[PDB]
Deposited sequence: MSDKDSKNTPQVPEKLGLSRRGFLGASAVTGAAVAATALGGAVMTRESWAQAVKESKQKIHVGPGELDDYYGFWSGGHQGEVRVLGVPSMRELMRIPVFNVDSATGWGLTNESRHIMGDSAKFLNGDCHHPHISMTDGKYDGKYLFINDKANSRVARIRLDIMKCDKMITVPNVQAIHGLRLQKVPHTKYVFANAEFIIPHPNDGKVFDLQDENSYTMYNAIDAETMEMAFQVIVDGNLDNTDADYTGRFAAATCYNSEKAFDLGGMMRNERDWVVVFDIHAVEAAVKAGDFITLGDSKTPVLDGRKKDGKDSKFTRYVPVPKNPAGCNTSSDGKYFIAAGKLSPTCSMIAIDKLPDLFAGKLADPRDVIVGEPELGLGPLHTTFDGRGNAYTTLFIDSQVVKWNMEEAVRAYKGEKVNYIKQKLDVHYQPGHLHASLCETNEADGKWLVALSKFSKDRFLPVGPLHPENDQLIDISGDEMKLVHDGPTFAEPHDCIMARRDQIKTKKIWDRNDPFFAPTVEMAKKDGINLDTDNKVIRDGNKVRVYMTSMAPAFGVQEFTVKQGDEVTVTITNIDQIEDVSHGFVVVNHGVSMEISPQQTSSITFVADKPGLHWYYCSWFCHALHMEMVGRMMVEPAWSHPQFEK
C-alpha cells in the first residue's frame, strides 16, 4: 500500500493533529505525514495574527487574555455516523475551553469557556443522527461554589461534571454532575447513549434522552452565574439517578472507544491488562431496571498485555489497542473475545507489533464512523528515544504510521511531532471541501463589516481614514503589490485600528500587514477583511509592510504611519 507520495502526487487522506501543549491544530497529508497547514486556536500566531486581530479576539472572548492552551482530542462532525466535513472540535485542558474549527476555511470560528469546571480533557462527538452535541469531560473535582470558603474536595458539593455543548451554536446545552473523575468519552450510533471512563472503577453511561427530557421539563438547577441546565448524575444513598448508570470496570480505566459496528463501548484497562467490552444493546435494559447487576452489560474482557490505553477499529471486526508498558499495538478480534468471555477456548489475539516507544492513543482511518476502512493506523508514542536525531533536552513524539490494509500490520513511517499532539483524526480527501477564496459575507469577519457599516465604509472599495477623538480607524483595500492607503498621520497616544480588505481574486495571493516595532502582524487572504488595533505610542515615522510574499515586487508593498508628538 501507497506509503510514498512523490513530487506532484497528492495525499489520499487529511490528518488533523492536536497541537498538544502548543495549543494549535495541524493539518497533515496522509500517508506522506507532511504538515500542510497550522490552524491557530489557543496559541497566539504571529503569522496570521490570531490572538492579535480583532476578529480572532472576538471569537476568543475574554479568554483572549490567555496565550496558552493544552490540546489532546481532535474530532470531526458526523451525519448519520459518517464524517460530514463541517467542523472539527478540540479541547483545552489548560483554560477549560472547547474550540470549533470550520473545515471549509480551516480556521477556528467559535470558542467557549466551559462554566463552573476545571480542565477540559476527554472530548468526543455525537454520531447519530448527527453531531448535535459535543461531549466534553472536565477532569478535576472542585468545590461548588469555588469562592474560597470551602476547599474540601470531599465536601458534598465538590465534584466535576460531564459537559454537553451545542455543536452548531457553541453554547452550553447541559452539564451532568458525576461521581469521580472523568477520563475519556465516546458516543453510540443512535444518539441515546454516551459513556465515559471515570477514576476514583467504572464506565459511567449517560441516557442522553433522559437528560434531554429533564431539560425540556425544567427539572434542573443552575450553578453560579451560568444559565446552563445542571443535572445530578451522582448516586445518592446507593440509588441511581435517571441519567446515569455506573458499570464497574478494572482498573483506573483509560480510553473509551465505540466500535465502528456500534456494538461496544470498549474501555481500556490501564492497570488491568485487559479491555472491558460493554454491550450497547444491553444498555436500555440496564436503565429500565431489567438487569440484575450492572456488570451484566459486560460481554467481553480480553487479556491483551501490559498497559492497555486506547482502542481503534478496522471495520473488519478487529480492534487495535495500544499497550503502553509492553510498547506495542495488539490486534484482536472482538467477537472472538466475546465468545472467550463465555468460556469458549478461542484465541482472539491476531498480532502484536512493536512501537517506539510507550504508545498512548492510536487512530485508524475512519474509525469513528460506520465507514471505518481499515487502511491506515497511527500510534502516537510518548518516548521517541533514538528514533530521531537528538535535538537537545526536549524530544518529539513519535507518531508511527502503520499499514493495516492486510492481515499483517506493517510499520511504514516514524513521524516526529512537537509538544505531544497526543491524538489525531483522519478523513478521506473527498470528505473535506475547502474554499479557495473567502466569501465576502463570511461570519468570521461579520462584526468587522458591521463596524465598517457604522462608519459609512464600503470595504470592497474604500480607502479612508476616520477620526473619532483619540481613535483612528483606517480602512483600506489591498491588491498586490500596493496597499490602498500608503500613508496616514495620527497623534501620539491615538488608538489606531487598521482594517484591510484583500480585493485580489487570484487564489493563494495572501497579503500581510506588519507595523514595525509595534508588535502588530496579521494576514489577509483573498476576499478576506482583517483588522487590528494598537496604540501609536511612539512619535515619528513608522513603516508598515506586507509580510507575505505576494508578487515579484513584494518589497514595495509598504506604507508609512506618521505620529505627531504629544
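- prompt: Where are the gaps relative to the deposited sequence?
  reply: Unmodelled stretches, in sequence order: 1 to 57, 258 to 272, 639 to 646.
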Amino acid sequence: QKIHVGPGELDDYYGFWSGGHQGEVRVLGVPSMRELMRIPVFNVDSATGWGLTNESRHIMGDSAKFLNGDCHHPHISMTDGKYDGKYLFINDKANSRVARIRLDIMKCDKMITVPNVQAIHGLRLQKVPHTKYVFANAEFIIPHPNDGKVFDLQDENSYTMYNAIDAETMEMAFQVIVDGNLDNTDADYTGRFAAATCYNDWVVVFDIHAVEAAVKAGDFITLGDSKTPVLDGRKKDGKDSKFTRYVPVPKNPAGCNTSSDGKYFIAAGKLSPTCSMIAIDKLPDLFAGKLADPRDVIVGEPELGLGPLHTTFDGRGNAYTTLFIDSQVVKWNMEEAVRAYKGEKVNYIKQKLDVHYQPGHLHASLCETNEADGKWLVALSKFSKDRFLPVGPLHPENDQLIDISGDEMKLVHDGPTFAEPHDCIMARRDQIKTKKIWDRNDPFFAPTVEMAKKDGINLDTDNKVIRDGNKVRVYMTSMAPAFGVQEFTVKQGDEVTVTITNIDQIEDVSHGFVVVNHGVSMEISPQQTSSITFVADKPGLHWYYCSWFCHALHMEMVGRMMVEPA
From here on, numbers count along this sequence of modelled residues.
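task: Pick between 492 to 500 and 405 to 413: the one whose mean CA B-factor in the entry is higher.
output: Comparing 492 to 500 with 405 to 413, the higher mean C-alpha B-factor belongs to 405 to 413.
- request: Quick one: say whether 239 to 247 or 206 to 214 has the higher mean Cα B-factor in the deposited entry.
  value: So the stretch with the higher mean C-alpha B-factor is 239 to 247.
query: For the listed residues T322, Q351, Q400, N257, which one has the largest C-alpha B-factor as given in the deposited model?
result: Among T322, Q351, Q400, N257, the PDB entry lists the largest C-alpha B-factor for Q351.
field: Residue, from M170, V346, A195, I105, that the PDB entry assigns the highest Cα B-factor
entry: Checking the PDB record, the top C-alpha B-factor among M170, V346, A195, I105 is at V346.
query: Sorting the chain's CA B-factors, does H551 end up in the lowest, middle or highest third?
result: Tercile = highest for this residue's CA B-factor.
task: Give the position of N517 by CA B-factor within its chain, expressed as the lowest, middle or highest third.
output: Ranked within chain, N517 CA B lands in the lowest tercile.
query: Ranked by Cα temperature factor within the chain, is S32 in the lowest third, the middle third or the highest third?
result: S32: CA B-factor falls in the middle third of its chain.
query: Taking the C-alpha B-factors as the PDB entry records them, is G540 in the lowest, middle or highest third of its chain?
result: Its C-alpha B-factor belongs to the highest third of this chain's values.
query: Should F313 be placed in the lowest, middle or highest third of its chain by the C-alpha B factor in the entry?
result: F313: CA B-factor falls in the lowest third of its chain.
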